[PDB]
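Engineer: Positions in the sequence shown are counted from 1; adding 32 to them yields the authors' numbering.
Just so you know, even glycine gets a beta-carbon here, dropped at the ideal spot from N, CA and C.
Have a look at this one.
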Amino acid sequence: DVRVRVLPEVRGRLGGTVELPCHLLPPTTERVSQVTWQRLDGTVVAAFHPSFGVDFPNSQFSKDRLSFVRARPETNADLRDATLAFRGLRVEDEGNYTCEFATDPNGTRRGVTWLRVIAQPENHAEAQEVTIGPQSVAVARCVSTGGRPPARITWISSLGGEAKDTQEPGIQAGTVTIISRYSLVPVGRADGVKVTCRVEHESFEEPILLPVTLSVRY
Ligand SMILES: *[C@@H]1O[C@H](CO[C@@H]2O[C@@H](C)[C@@H](O)[C@@H](O)[C@@H]2O)[C@@H](O[C@@H]2O[C@H](CO)[C@@H](O)[C@H](O)[C@H]2NC(C)=O)[C@H](O)[C@H]1NC(C)=O
Numbered sequence: 033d034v035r036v037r038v039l040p041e042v043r044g045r046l047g048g049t050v051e052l053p054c055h056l057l058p059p060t061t062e063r064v065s066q067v068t069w070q071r072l073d074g075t076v077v078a079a080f081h082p083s084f085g086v087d088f089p090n091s092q093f094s095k096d097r098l099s100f101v102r103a104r105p106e107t108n109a110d111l112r113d114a115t116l117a118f119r120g121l122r123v124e125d126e127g128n129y130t131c132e133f134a135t136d137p138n139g140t141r142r143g144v145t146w147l148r149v150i151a152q153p154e155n156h157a158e159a160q161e162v163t164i165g166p167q168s169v170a171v172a173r174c175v176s177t178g179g180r181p182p183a184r185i186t187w188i189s190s191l192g193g194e195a196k197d198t199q200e201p202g203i204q205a206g207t208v209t210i211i212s213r214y215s216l217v218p219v220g221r222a223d224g225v226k227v228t229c230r231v232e233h234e235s236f237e238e239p240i241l242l243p244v245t246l247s248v249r250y
């Protein structure tokens with residue numbers, strides 16, 4: 033809608049807090065019958081009712097966790113801002129939230145914010161010592177654990193290796209782990225060659241560079 037003002041997407045650290053803005057642009061004279069926030073699955077999260085007052089009907093999104101960012105509404109105008117604050121974000125607070133204003137007698141208007149919960153992963157790379165030999169094996173590995181969304185691992189290498197990585201879910205629901213094994217058939221002129229594991233993830237401004245010096249044996 034035009035009459036309702038929201039952010040198309042919002043981002044908050046897992047366990048952290050977010051504000052979902054919402055306002056009724058056209059500063060008209062028409063009363064706000066009520067305001068309500070619904071997830072797209074149809075779960076009403078928070079609402080200000082006509083004469084009843086402010087409400088938070090679902091168990092999972094209790095009053096202890098959600099609240100309207102502007103809580104002392106004098107007169108209708110005071111209603112034009114339905115900005116909602118989440119504290120203690122869980123993965124399940126993820127969603128497409130619809131901010132809807134009911135106006136009298138018809139009809140209602142509404143905006144949609146995508147609420148995304150982000151989890152910063154833990155990353156590390158180590159070298160695997162290997163003996164020279166005809167089969168390719170993993171000479172180096174990098175692990176990006178507990179990231180949301182999944183991190184992206186690439187490698188910077190002067191050797192002619194294939195990085196083949198695999199994904200498992202992390203210990204935390206919502207989060208995923210990437211294990212990247214860099215393989216090339218261990219030659220000898222690998223030894224001491226600095227190779228970088230590069231992890232990209234939303235929670236970092238720039239890719240993370242993890243240096244590794246390769247070993248080879250005998
Ligand atoms: C949250 O919504 C965004 C935006 O998408 C709109 O409404 C959705 C319900 C759906 O109908 C989309 O087609 C609409 O664009 C979603 O972002 C899209 O995600 C889809 C997978 O459903 C993906 O293929 C598209 O590339 C995304 N669209 C755009 C324009 O980037 C997102 O998936 C929704 N998230 C959740 C958890 O529901």
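1) According to DSSP, is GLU132 part of a helix, a strand, or is it coil?
2) In angstroms, rounded to a whole number, what distance separates the CA positions of residue 286 and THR145?
3) Taking three-plus beta-carbon pairs below 8 Å as touching, is the segment 124 to 142 in contact with the segment 220 to 227?
4) Going by the DSSP bridge assignment, what does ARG141 pair with across the sheet?
5) Rounded to the nearest angstrom, what separates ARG184 and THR75 at their Cα positions?
6) Which two residues bound the contiguous beta strand (DSSP E) that contains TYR214?
7) Ligand 1 heavy atoms versus the CB of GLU126: any closer than 7 Å?
8) Nearer than 7 Å: is that true of the beta carbon of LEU111 relative to any heavy atom of ligand 1?
Structural biologist: Working from what's here:
1) strand
2) This structure cannot settle anything about residue 286, because the visible part of the chain is limited to 33 through 250.
3) no
4) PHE133
5) 33 Å
6) Its beta strand (DSSP E) spans residues 208 to 216.
7) yes
8) no
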